[PDB]
Structures are given as C-alpha cells and as structure tokens.
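> coords please:
(one chain, ligands or ions: 8)
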Amino acid sequence: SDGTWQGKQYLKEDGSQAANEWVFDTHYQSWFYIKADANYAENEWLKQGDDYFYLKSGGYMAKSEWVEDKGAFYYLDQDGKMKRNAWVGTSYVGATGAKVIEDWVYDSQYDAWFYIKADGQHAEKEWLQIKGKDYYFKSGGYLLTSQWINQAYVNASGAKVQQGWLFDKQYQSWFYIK
Ligand SMILES: C[N+](C)(C)CCO
Ligand SMILES: C[N+](C)(C)CCO
Ligand SMILES: C[N+](C)(C)CCO
Ligand SMILES: C[N+](C)(C)CCO
Ligand SMILES: C[N+](C)(C)CCO
Ligand SMILES: C[N+](C)(C)CCO
Ligand SMILES: [Zn+2]
Ligand SMILES: [Zn+2]
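Residues are numbered from 1 along each chain as shown. Ligands and ions are numbered 1, 2, ... in the order given. Provided below are the atomic coordinates:
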C-alpha cells in the first residue's frame, strides 16, 4: 500500500487525507477509524448505527477480544462489533455489551434463568441466597422452578417456599410446607 501515517493522520493510496472514515492499513492488517479532525480514534468507543466498536491504544480496532472499560468487560467479535445478549465462552454479555455479574440472565435459547455470581461465573449445581431468598441451579446453570429439591420446594420464580399449602400435580395431592 502507498498509504502512510503522518503522526495521527493517514494519507490514503491516492494521497488524499482520510477523515470521518474507516481505513484498513495493510501495513498493520488493521482497521482504524479516522475522526472528522483527520486524527485516528484511540482508547474510545465508536457508535455506528446500532453497533459499537472500540479503538485501542494506537487506534487498532479491537476484534475477537475482551476490553475493560470503567470496570466492565466488553467483547468485540471478529468484525470489531461489540457483542450484546450472548454467551461469550462462560461469560454472558448483557444489553449494553457489559459482562453480566451479580445478576439474573434470562436466555430465550435455553428458555431458562441463570444467575451470574459477583465473581462472574454462572451458579451451577448449587444453592445460592440471592436477595435473602434461596434458589437452586442445575448442571448447565439452569434455575430450577416449580419442583421438589430434596425436602424443599422451589416455586415458579425459583425461590424456596418457606411455608404454606401446595397442590402437587405430580402426586395430585395437598402438601403443607412448614
Ligand atoms: C496508527 N498507528 C499508531 C498504529 C500507526 C502510525 O504510527
Ligand atoms: C470496521 N468496519 C465496520 C469498517 C468493518 C467491520 O470490521
Ligand atoms: C459505550 N459502552 C460500550 C460502554 C456501552 C454500550 O452500551
Ligand atoms: C447454558 N450455558 C451456555 C451456560 C451452558 C451450555 O452448555
Ligand atoms: C428473576 N427470577 C428468576 C427471580 C424470576 C423468575 O420467574
Ligand atoms: C389448601 N387447602 C386444601 C387447605 C385449602 C384450599 O382449597
Ligand atoms: Zn505497502
Ligand atoms: Zn457453564
């Protein structure tokens, strides 16, 4: 390529000054975003339609990588686009792209609730107390709802029931929980 960096500015193959545009510099094999002031975007987000991109230090577009911003982790896909509402390995990124921690996740593809502990790992084959109530997560992390777990009963919200009547449809009989 005959494209060249002159400080933070990029001259294109034809010698024109890049500005307000993406450039792909084969010398780095990297995308870069050149701002309206003809300087490359660096250590910043770029919104383009619905999509977010992150320009790292030196202006390289982030891609297939995790970035930390204001104490939150964001994943950029192969094309540089910030992932939203998805599992990225064992992590879940929410609506804003931020890795979910200490919170519920409803995933329509498993039709199941999950809980990501503060430590960033999904609850799995275990009891947790979440906001003062008890919830049991199966293998794979799926919240158990409306069933007996040992001597305990978890209701439709997944919360262990403390006391009261339950009509069990499995046994077609009334139980009193104390
Ligand atoms: C844009 N880079 C900083 C990567 C190259 C020019 O110095
Ligand atoms: C970065 N572009 C949006 C220019 C293409 C996807 O990588
Ligand atoms: C701009 N951020 C990537 C930090 C948030 C998008 O919801
Ligand atoms: C539901 N998870 C994505 C958490 C695991 C599937 O194997
Ligand atoms: C978010 N919760 C799992 C507690 C509600 C399920 O119905
Ligand atoms: C739970 N009881 C059977 C005791 C009353 C509701 O019909
Ligand atoms: Zn060249
Ligand atoms: Zn898992």
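> which of the three states applies to whichever residue of the chain sits closest to ligand 3?
At 3.2 Å from ligand 3, residue 96 is the closest residue in the chain, using C-beta to the nearest ligand atom. To be clear about C-beta, it is placed using only N, CA and C from the backbone, and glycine gets the same treatment. Assigned state for residue 96: coil (three-state reduction, DSSP: H, G, I helix; E, B strand; the rest coil).
> how much space separates it from residue 82?
9 Å (C-beta to C-beta, to the nearest Å).
> the two: which is more packed in?
It is residue 82, of residue 96 and residue 82, that has more neighbours when counted by other C-beta atoms under 10 Å, with 22 against 12.
> got the contact list for the more buried one?
Contacts for residue 82 (C-beta atoms under 8 Å, 6 or more residues apart in numbering) come out as 51-54, 74-76, 97.
> same check on residue 24?
Taking C-beta under 8 Å, 6+ apart, we find residue 24 in contact with 30-32.
> show me which residues of the chain sit near ligand 4.
Contact residues (C-beta under 6 Å from any ligand atom) of the chain with ligand 4: 87, 110, 122, 140-141.
> if we can go back for a sec, got the contacts of residue 82 as a markdown table, with distance to residue 103, secondary structure and neighbour count columns?
Converted to a markdown table, the contacts of residue 82 look like this (distance: C-beta to C-beta, whole Å; DSSP: H, G, I helix; E, B strand; the rest coil; neighbours: other C-beta atoms under 10 Å):
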| residue | distance to residue 103 | secondary structure | neighbour count |
| --- | --- | --- | --- |
| 51 | 24 | strand | 13 |
| 52 | 20 | strand | 18 |
| 53 | 25 | strand | 21 |
| 54 | 23 | strand | 23 |
| 74 | 16 | strand | 22 |
| 75 | 17 | strand | 22 |
| 76 | 22 | strand | 21 |
| 97 | 14 | coil | 22 |
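> return the member of those nearest to residue 105.
Closest approach between the contacts of residue 82 and residue 105, by C-beta to C-beta: residue 97, at 13.9 Å.
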